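Chemist: Below you'll find the sequence and an experimental structure to go with it.
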Amino acid sequence: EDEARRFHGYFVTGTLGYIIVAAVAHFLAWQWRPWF
Amino acid sequence: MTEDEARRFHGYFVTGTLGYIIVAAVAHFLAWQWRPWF
Amino acid sequence: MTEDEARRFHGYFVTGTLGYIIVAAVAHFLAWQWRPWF
Amino acid sequence: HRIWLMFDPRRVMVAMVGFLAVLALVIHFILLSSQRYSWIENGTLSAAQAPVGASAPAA
Amino acid sequence: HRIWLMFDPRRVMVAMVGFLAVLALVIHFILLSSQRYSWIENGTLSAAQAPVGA
Amino acid sequence: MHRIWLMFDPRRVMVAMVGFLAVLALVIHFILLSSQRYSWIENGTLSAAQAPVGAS
Amino acid sequence: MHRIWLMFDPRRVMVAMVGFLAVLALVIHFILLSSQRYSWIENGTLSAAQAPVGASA
Amino acid sequence: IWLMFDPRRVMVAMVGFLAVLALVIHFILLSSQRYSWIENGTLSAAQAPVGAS
Amino acid sequence: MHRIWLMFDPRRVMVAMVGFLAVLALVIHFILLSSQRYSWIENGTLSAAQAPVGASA
Amino acid sequence: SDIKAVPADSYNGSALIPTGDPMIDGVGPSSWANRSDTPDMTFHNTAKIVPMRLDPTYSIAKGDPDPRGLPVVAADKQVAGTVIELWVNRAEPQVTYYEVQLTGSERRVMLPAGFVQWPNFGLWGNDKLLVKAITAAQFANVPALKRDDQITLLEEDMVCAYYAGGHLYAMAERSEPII
Amino acid sequence: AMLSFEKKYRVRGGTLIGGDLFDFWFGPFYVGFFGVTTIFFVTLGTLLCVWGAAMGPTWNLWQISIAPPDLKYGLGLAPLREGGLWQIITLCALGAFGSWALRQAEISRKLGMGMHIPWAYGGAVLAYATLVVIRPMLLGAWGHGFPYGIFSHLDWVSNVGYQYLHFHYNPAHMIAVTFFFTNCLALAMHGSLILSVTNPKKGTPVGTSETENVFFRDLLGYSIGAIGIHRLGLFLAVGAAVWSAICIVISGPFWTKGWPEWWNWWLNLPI
Amino acid sequence: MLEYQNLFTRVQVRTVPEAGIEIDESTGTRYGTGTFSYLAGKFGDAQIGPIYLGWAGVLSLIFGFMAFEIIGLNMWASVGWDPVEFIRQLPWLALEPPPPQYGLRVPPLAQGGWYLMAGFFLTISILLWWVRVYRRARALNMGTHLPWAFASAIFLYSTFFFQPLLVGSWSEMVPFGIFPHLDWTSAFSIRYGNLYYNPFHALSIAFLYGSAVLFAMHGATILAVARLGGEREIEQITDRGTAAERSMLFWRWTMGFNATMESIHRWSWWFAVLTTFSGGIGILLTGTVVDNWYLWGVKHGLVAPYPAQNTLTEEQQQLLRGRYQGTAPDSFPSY
Amino acid sequence: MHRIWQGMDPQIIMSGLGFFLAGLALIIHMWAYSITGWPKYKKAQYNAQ
Amino acid sequence: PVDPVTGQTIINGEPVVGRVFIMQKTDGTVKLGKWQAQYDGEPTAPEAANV
Amino acid sequence: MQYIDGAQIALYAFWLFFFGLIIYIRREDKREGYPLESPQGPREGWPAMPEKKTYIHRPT
Ligand SMILES: CCCCCCCCCCCCCC(=O)OC[C@H](COP(=O)(O)OCC(O)COP(=O)(O)OC[C@@H](COC(=O)CCCCCCCCCCCCC)OC(=O)CCCCCCCCCCCCC)OC(=O)CCCCCCCCCCCCC
Ligand SMILES: CCCCCCCCCCCCCC(=O)OC[C@H](COP(=O)(O)OCC(O)COP(=O)(O)OC[C@@H](COC(=O)CCCCCCCCCCCCC)OC(=O)CCCCCCCCCCCCC)OC(=O)CCCCCCCCCCCCC
Ligand code: BCL
Ligand code: BCL
Ligand SMILES: CC[C@H]1c2cc3[nH]c4c(c3C)C(=O)[C@H](C(=O)OC)c4c3nc(cc4[nH]c(cc(n2)[C@@H]1C)c(C(C)=O)c4C)[C@@H](C)[C@@H]3CCC(=O)OC/C=C(\C)CCC[C@H](C)CCC[C@H](C)CCCC(C)C
Ligand SMILES: CC(C)=CCC/C(C)=C/CC/C(C)=C/CC/C(C)=C/CC/C(C)=C/CC/C(C)=C/CC/C(C)=C/CC/C(C)=C/CC1=C(C)C(=O)c2ccccc2C1=O
Ligand SMILES: COC(C)(C)C/C=C/C(C)=C/C=C/C(C=O)=C/C=C/C(C)=C/C=C/C=C(C)/C=C/C=C(\C)CC/C=C(C)/C=C/C=C(\C)C(=O)O
Ligand SMILES: COC(C)(C)C/C=C/C(C)=C/C=C/C(C=O)=C/C=C/C(C)=C/C=C/C=C(C)/C=C/C=C(\C)CC/C=C(C)/C=C/C=C(\C)C(=O)O
Ligand SMILES: COC(C)(C)C/C=C/C(C)=C/C=C/C(C=O)=C/C=C/C(C)=C/C=C/C=C(C)/C=C/C=C(\C)CC/C=C(C)/C=C\C=C(/C)C(=O)O
Ligand SMILES: COC(C)(C)C/C=C/C(C)=C/C=C/C(C)=C/C=C/C(C)=C/C=C\C=C(C)\C=C\C=C(C)\C=C\C=C(C)\C=C\CC(C)(C)OC
Ligand SMILES: CCCCCCCCCCCCO[C@@H]1O[C@H](CO)[C@@H](O[C@H]2O[C@H](CO)[C@@H](O)[C@H](O)[C@H]2O)[C@H](O)[C@H]1O
Ligand SMILES: [Fe+3]
């Protein structure tokens, strides 16, 4: 369906944005107080 | 619900979300000046 | 529930709230004379 | 003034009387529980002998 | 007055009698167990001899 | 800006707003009453220099 | 963003997000109030140098 | 791809799981000694607590 | 080994296995967290030579 | 369209006031649900609720009074009729209905067994059937059945609803507050 | 909002106190005179509970405790800060529970139903009243009641139980515990039976009322009726509360020694 | 005078006893034809009908009777085989677990061996009864909800075996006795520091009270609409009548939300099952993860503060320290 | 080699690229702050006097 | 400190009008802390069992 | 770690399961009598309406 191809693009973009905003957060926390 | 009303609602919803986040950012700036947590 | 019939109840309600608040203000003045809280 | 078309005046009156009764009783009871304003026991004290609370760690 | 057109007298006065009785009982009972106004025990004391909370 | 009243009717909004505001006000007043610095029924008449402060 | 309101009810989303944000704000404010460093009702007048700090190694 | 799973249910479940997991991790960190950031967040990495050897 | 999907519903199998795998991951992570040697939140900064070891008998 | 009840006022949440007779109109506690117009069946595809005359195997346990030939006293302490037949539930053996012949006869009405009380809670002499909900005059308005050998679920609900609604709509002092 | 079938049932009449004034619906709730009274008592009692929490040393939900007065104030209204607040909260709770029962009676009188639900709730109300009114009156002090706190009332239960050395030996406590356990067992059986008949083995039709009786007759040899199981559940659940009230009201007012010693009568039978 | 409360039935109707739905009878059969009890018919159904017996039921009966016989004979031997003392002291008698010093090793026959035999046989019979319940359910094409509720009950029962195994001693098991098993309950709470502060114990208490609440509510609701045909819940579920509609509306108007005629039984099922499930978890956690529940409650902020009732001096704190309980004296000293 | 774009909304590509570049720039800026010792030394200069 | 002339309580160098009392919560209760602090003032740990 | 212990972890696992169970039972509670009747249109609380469920009947 066309729907499962237009919705999919926005879902993938949102997932990527969320994941790598989380990556920024983890890098900040590592600089502040590393856990390893 | 059709496309036009969805667009008109989306504009206001996005503006409200971003404005609320900006106001919370100012609140966090004030709290940081008062007593920083890092 | 006409306009003419809501206006009357609004007048009495506003006068009653007026009077109640003023009488309570007098009570607080008397209580302040007896034992102030600030 | 047209608020009485959206709300029943009778129900509003009952609700307001109930709310004011509860608030008045709660405030009078809170004051009765206090030390400075337990007027049944210490109402005859002047304002210069009425209790005033102070901090324990700073005492 | 027109309030009796909005509120039935029979119901209103029964409710007010109940509330008034409850309030009077609560006040009398609060006074009865206080130190200053325990009139069943210390009602014969004068106003100078009556207890005063510190 | 008035179209919100076409999505949320005024009656329910006013009832919810009144209830939430009352609960929040009572909660804040009670939190202040339970504290040492703002127990105004007891201290109340103390000046700002005499009021309690939390430990450093 | 293209088809999020034909697919999700705006009224439902508004009510749910208002409830979630109210609960989260209450939880954060209460966590801060329960702490020692950020018990602002009692020690809010302290400067940042006098505020309590947790124990160090 | 998104034909055998009803994207709506997927999104609600994913949001709920992510919120629960984030709350759990944040609270576990808040209950620890090394990462009790409300109280000891101003300490440097050298002054932060470390578990016993 | 392919014709199991005409014999087992793919959707129910995937839901069951994702649930089982998530439960297993949580259980293992929490067991490791409750141990002495792998309490990585507290002692993750220790080197492998300073990490706790069970009593040698 | 079939809700014979006008709102008291325009404020939402207000109670409705029936226009005609609530008992037959079907409003308030006199209302019934539109169930299927087929009889209730047993495990063997037989009518579940049947008169005792249609099944000779059933009987009345020794020790229990026989309600047949007993007067049925109504809410107004007026005898409305006499019991002439018992409808029983075949799946679960119990008394479910009482067929009552009217004082003027010529017709019969169904009386649910759950609305029937016995004198002295069935401890002392049981010589009359007490029905506190409906008065004697209203027994003539109990909805009739299509057949005399089976009763559908719709008729079941209709009869039960009519009898239940008379705990509020029989007299005038019943729908009115005690003070 | 309203259910699909709700509208035809929302009519006037059936109230005990009041008329058309208190005969409306606030959202899904029905408001009567006793609904208004319930709101009044609930609000006053809850606000006084919050005040008692504010007076105490903590805001922790588990540790909040509003305690009854000392025994020395016997049957008198103690000072508010020394247990009188507990007494006022108790009065509010009694009013609220009575109003809840009467409002339920009004609602059942409006749908054409029987009066069973208010009377069933009356058993729990009677147990609470025995705890805070009847037993403290017989013992002669309001300080015999239990404190209002999530875990402090557990401490009260523990100490009151050990006031009689071994509270397990209370015969009425044993009967009440049996009632509770049998009620839980019967509830599990009834829920399972109904669900298994309406949700049978996949591919098979929905079972009938004879299937229930046949199953329980095959398993236990006896099957109580469809009406019988509901009668039994009501009797078990309400009797648990009634026997709880009996068990607590005999400890202190009637028996002051250790409960095990009470079994002397059984060991001293003439046989 | 009063409305018919549907509490008792005045007119009973008799018929030929119901033989039962045709079921497979290759491994077991139905015994009896079906008799009628008048007193039982007053309150509910009157037929004391046939009972099915098969492999699992017979085996369960044999094992359970063996456990019952072992328990009873040990109780009888504990009073010196006196029948008068056996009946008089029956609530105080017990079959006692082994001594603590044996751990998990087999004890002497007169000092806990009989206890373990009886426990094993009782466990086997309970599991065989579970199999019988499952088979009786599936023979009538019903769902297996009752088997999985009985499984929750069995889980709580099996924690009384698994917790003593986890702490490492059969002495911690529950004795077979009316009063002594209550003694064990009290001593278990005392030993591990006030089981009131076990969160899963509090949870299971909440579910037990809620089961009583739910059954009172459901029974009163169905009895209140039985005049409208409400007790026939299957038909009210598959064809919703006015009784189900009124039952829903009563609770919707009362507490603002409601269930359906079918999902109220889901509520009941889950409350009853959770009562034993959370309790079993709480028992399994005791003595293995937490040894003092009051101290766990203090750690997690569960314990309300009270003013100190006593203060101890420096020498009193050393003096008032005691000693952990040890073994009983095996000699009668002469002084 | 321009046909990879066929079938994709350009705005989605630009949004994903912007997210990538924002996160990468933030991470590498923090990395470089730690490596170079800036602005710590200049901040120390302006706070010492 | 108390003013030796007017008999008035002084708080941070300021006199107070009234009878100053030290505020406390209900019946002088204090929130509990760590579980290990439950043994401050209690007797030391009991000795090992006699077996 | 030190503050976290097995009883706490198990308790929060139970809380999560209990909330999921309450959601499921509330989903079942709306199988009859929904959607609600309101002037603003059809109404569904949380959780939303479930899919239509049909039963199986024996042939005649
Ligand atoms: C735990 C889970 C939670 C869960 C919480 C979240 C979920 C809640 C779900 C609740 C059920 C479903 C929703 C629903 O239908 O709700 C009913 C109502 C819509 O009602 P409706 O369908 O329009 O039907 C109303 C109809 O009956 C018409 O009523 P009318 O408008 O004529 O008036 C009825 C009432 C109100 O009277 C008014 O005048 C209303 C406006 C003024 C209110 C305050 C008046 C008092 C003075 C100021 C106080 C305030 C001053 C600041 O009139 C009555 O008589 C009814 C009330 C009782 C009166 C007797 C008692 C008197 C004493 C009361 C003392 C205490 C209260 C003050 O809906 C709404 O209002 C929508 C918004 C939701 C409201 C509740 C929000 C609660 C927020 C709580 C936040 C904190 C949580 C911890
Ligand atoms: C002695 C030791 C034991 C001691 C303690 C023992 C406790 C026992 C607990 C038992 C729980 C279920 C109770 C029950 O209703 O049983 C009846 C049913 C038998 O029914 P039937 O004879 O087949 O009848 C057929 C039909 O009538 C069933 O209809 P009914 O209405 O009874 O059941 C409705 C079904 C509908 O199923 C669905 O819609 C499919 C999806 C169900 C959920 C799947 C995922 C669950 C989570 C997985 C991770 C779970 C991780 C924990 O529904 C049910 O039976 C249960 C409905 C859900 C109940 C609440 C779930 C809440 C979950 C919250 C999660 C957290 C959210 C934040 O028995 C069953 O076992 C049903 C399930 C049978 C299929 C296998 C399921 C498991 C497959 C994977 C393991 C395979 C073996 C190794
Ligand atoms: C020690 C390191 C050196 C230095 C070395 C370099 C080098 C080497 C390079 C840069 C580059 C750049 N540097 Mg640098 N840089 C320094 C200090 C700074 C400072 C500063 C005030 O300290 C600033 C503002 C900048 C700015 C910049 C950018 C113009 C540019 C990266 C662009 C890009 O792709 O963005 C990403 C593009 C976007 C559209 C996203 C921007 C995202 C923002 C930053 C995210 C945070 C804000 C957030 C959205 C706000 C809303 C949310 C909340 C409400 C708060 N530099 C110091 C002196 N910098 C790079 C470049 O291209 O230079 C020409 C590069 O290679
Ligand atoms: C001083 C005593 C302690 C205490 C110690 C304990 C202990 C110890 C336990 C409980 C447990 C429970 N307690 Mg207690 N409890 C106290 C105070 C209370 C109070 C109160 C008002 O004070 C209440 C209401 C409760 C209530 C509860 C229940 C919620 C729970 C048990 C459910 C249950 O048994 O189902 C009944 C179900 C079963 C017993 C399951 C097994 C049934 C089996 C399958 C049946 C087999 C029958 C067999 C075939 C028959 C024949 C035998 C013949 C010999 C052949 N406790 C205090 C604090 N409590 C239990 C629990 O779960 O705790 C977490 C538990 O073990
Ligand atoms: C949801 C949890 C609740 C629950 C659920 C539950 N229990 C269940 C079930 C369910 C759903 C069943 O399916 C199952 C059952 O069949 O119930 C009818 C069962 C059951 N719950 C039982 C009991 C029970 N349940 C309890 C508790 C509860 N069960 C919880 C509250 C308790 C308590 C409170 O302690 C008990 C005692 C049984 C009735 C039954 C399981 C039967 C079983 O396993 O039997 C095995 C068989 C034997 C042990 C044979 C014994 C034979 C005789 C007892 C001895 C010999 C007698 C002699 C012949 C005559 C007399 C002596 C002579 C000298 C006179
Ligand atoms: C013959 C024989 C053998 C007898 C043996 C029986 C024996 C021995 C029994 C023991 C006897 C003894 C001594 C026991 C004492 C029993 C007592 C004290 C009896 C109480 C009588 C009784 C019926 C109980 C309660 C009375 C009731 C129901 C009161 C209601 C009165 C009424 C209708 C008025 C409404 C006002 C009320 C109820 C007040 C609450 C109320 C208040 C106060 C508002 O301000 C308010 C404002 C706005 C909105 C709402 C409210 C609101 O709800
Ligand atoms: C102690 O530390 C712990 C706490 C443990 C760690 C924390 C952990 C966690 C997990 C935190 C979670 C954070 C989080 C997750 O992302 C938080 C997520 C936050 C989010 C998304 C906020 C978004 C808010 C958006 C708002 C307010 C929008 C408002 C819109 C308005 C006002 C306009 C609408 C009006 C209209 C449209 C009218 C027109 C009508 C029209 C036209 C009409 O109707 O016609
Ligand atoms: C310890 O500290 C804590 C406690 C914590 C701190 C507390 C904090 C808080 C939260 C305080 C809240 C305060 C508050 C607001 O929220 C308080 C709000 C007060 C208000 C609004 C009071 C209003 C009173 C109104 C009155 C009395 C009106 C009477 C009207 C009359 C008599 C007219 C009727 C006449 C009629 C009918 C005849 C005409 C009929 C006609 C013509 C007809 O018949 O038609
Ligand atoms: C102590 O340590 C312990 C904790 C124990 C160790 C931990 C262990 C474990 C088990 C960790 C688990 C990790 C994990 C996996 O399990 C982690 C999994 C993470 C994942 C996958 C995250 C993905 C997030 C995706 C998001 C946010 C997407 C948002 C999408 C948006 C905004 C776009 C929506 C809008 C659209 C599409 C518009 C069109 C709609 C249209 C057209 C329409 O709808 O019609
Ligand atoms: C006429 O007299 C005779 C003697 C002929 C018959 C009369 C009998 C009478 C009067 C019997 C009376 C019985 C009574 C009063 C019984 C009371 C029982 C009670 C109250 C029991 C309560 C609780 C008991 C519990 C919870 C016991 C649980 C035991 C468990 C879980 C044991 C498990 C053991 C296992 C699995 C053992 C395994 C064997 C291993 C593997 C360890 O082998 C080495
Ligand atoms: C082994 C011994 C026998 C065990 C079984 C005993 C069976 C009988 C006891 C259980 C039933 C007791 O029966 C009980 O009767 C009393 C009247 O006294 C009823 O009434 C009681 O509760 C109601 C509820 O509000 C109160 O209004 C009333 O004042 C009070 O007496 C109870 O609702 C009913 O539960
Ligand atoms: Fe039922």
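Modeler: Yep, that arrived. Numbers count the residues shown, from 1 in each chain, chains lettered A, B, ... in the order given. Ligands and ions are numbered 1, 2, ... in the order given.

Chemist: next SSE after the host helix or strand of residue D:26?
Modeler: Counting by DSSP states H and E, the element that carries residue D:26 is helix D:9-33. Next along the chain after helix D:9-33, taking DSSP H and E as the criterion, comes helix D:39-42.

Chemist: for that following helix, the distance to its chain's centre please.
Modeler: Put simply, helix D:39-42 sits 16 Å off its chain's centre (CA atoms, centre = their mean, to the nearest Å).

Chemist: And for stretch J:27-40?
Modeler: Between the mean C-alpha point of stretch J:27-40 and the mean C-alpha point of its chain there is a distance of 13 Å (CA atoms, centre = their mean).

Chemist: How about stretch M:37-49?
Modeler: Put simply, stretch M:37-49 sits 23 Å off its chain's centre (CA atoms, centre = their mean).

Chemist: So that stretch, near ligand 3 or not?
Modeler: Yes. Using CB under 6 Å from any ligand atom, stretch M:37-49 reaches ligand 3 at residue M:38. Bear in mind the C-beta positions are built from the backbone N, C-alpha and C, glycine included.

Chemist: which residues touch that stretch?
Modeler: M:32-33 (CB atoms under 8 Å, 6 or more residues apart in numbering or on different chains).

Chemist: circling back: show me what the helix holding residue D:26 is in contact with.
Modeler: Applying CB under 8 Å, 6+ apart, the external contacts of helix D:9-33 come out as C:9, C:13, D:4, D:37-40, E:6-7, E:30, F:33, F:41, J:11, K:21-22, K:24, K:36, K:39-40, K:43-44, K:47-48, K:51, K:55, K:80-81, K:85, K:88.

Chemist: residues of that helix that come out buried?
Modeler: If you call a residue buried by 16 or more other CB atoms under 10 Å in any protein chain shown, then helix D:9-33 has these buried ones: D:9-11, D:13-14, D:18, D:22, D:25-26, D:29-33.

Chemist: Just give the number of residues close to the closest residue to residue L:127 other than its chain neighbours.
Modeler: Computed as CB to CB, 6 or more residues apart in numbering or on different chains, the closest residue to residue L:127 that is not its neighbour in sequence is residue L:154, at 7.5 Å. Using other CB atoms under 10 Å in any protein chain shown, residue L:154 is surrounded by 18 other residues.

Chemist: Next up, the contacts around residue L:154.
Modeler: Residues near residue L:154 by CB under 8 Å, 6+ apart: L:126-127, L:130.

Chemist: filter the contacts of helix D:9-33 to the buried ones?
Modeler: Buried residues within those, defined by neighbour count using 16+ other CB under 10 Å: C:9, C:13, D:4, D:37-39, E:7, E:30, F:33, J:11, K:21-22, K:24, K:36, K:39-40, K:43-44, K:47-48, K:51, K:55, K:80-81, K:85, K:88.

Chemist: Straight-line length of stretch J:136-153, end to end?
Modeler: The straight-line separation of the ends of stretch J:136-153 (CA to CA, to the nearest Å) is 25 Å.

Chemist: Is there contact, residue-wise, from that stretch to chain K?
Modeler: No. Using CB under 8 Å from any CB of the partner chain, we find that stretch J:136-153 stays clear of chain K, coming within 13.9 Å at best.

Chemist: Look up how far ligand 8 lies from residue K:4.
Modeler: Distance of residue K:4 to ligand 8, computed by CB to the nearest ligand atom, to the nearest Å: 37 Å.

Chemist: count of residues packed around that residue?
Modeler: Burial of residue K:4 is recorded as 12 neighbouring residues (other CB under 10 Å).

Chemist: so it, which of the three states?
Modeler: Three-state call for residue K:4 (DSSP: H, G, I helix; E, B strand; the rest coil): coil.

Chemist: Identify the residues contacting it.
Modeler: Applying CB under 8 Å, 6+ apart, we find residue K:4 in contact with O:33-37.

Chemist: now these as TSV including distance to residue K:208, secondary structure and neighbour count?
Modeler: Output for the contacts of residue K:4, formatted as TSV (distance: CB to CB, whole Å; DSSP: H, G, I helix; E, B strand; the rest coil; neighbours: other CB atoms under 10 Å in any protein chain shown):
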residue	distance to residue K:208	secondary structure	neighbour count
O:33	25	coil	21
O:34	27	coil	19
O:35	31	coil	16
O:36	33	strand	17
O:37	34	strand	16
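
Chemist: Mark which of the buried ones among the contacts of helix D:9-33 are part of helices, please.
Modeler: Assignment to helices by DSSP state H places the following of the buried ones among the contacts of helix D:9-33 there: C:9, C:13, D:4, D:39, E:30, F:33, K:36, K:39-40, K:43-44, K:47-48, K:51, K:55, K:85, K:88.

Chemist: So stretch M:2-20, near chain A or not?
Modeler: Yes. For stretch M:2-20 and chain A, the contact criterion (CB under 8 Å from any CB) is met by M:8-9, M:12, M:15-16, M:19-20.

Chemist: Sitting in helices, which of those do you find?
Modeler: Of the positions in the residues of stretch M:2-20 next to chain A, M:12, M:15-16, M:19-20 sit in helices, assigned by DSSP H.

Chemist: from these, which is closest to ligand 4?
Modeler: Proximity to ligand 4 was ranked across those by CB to the nearest ligand atom; first place goes to residue M:19, at 50.7 Å.
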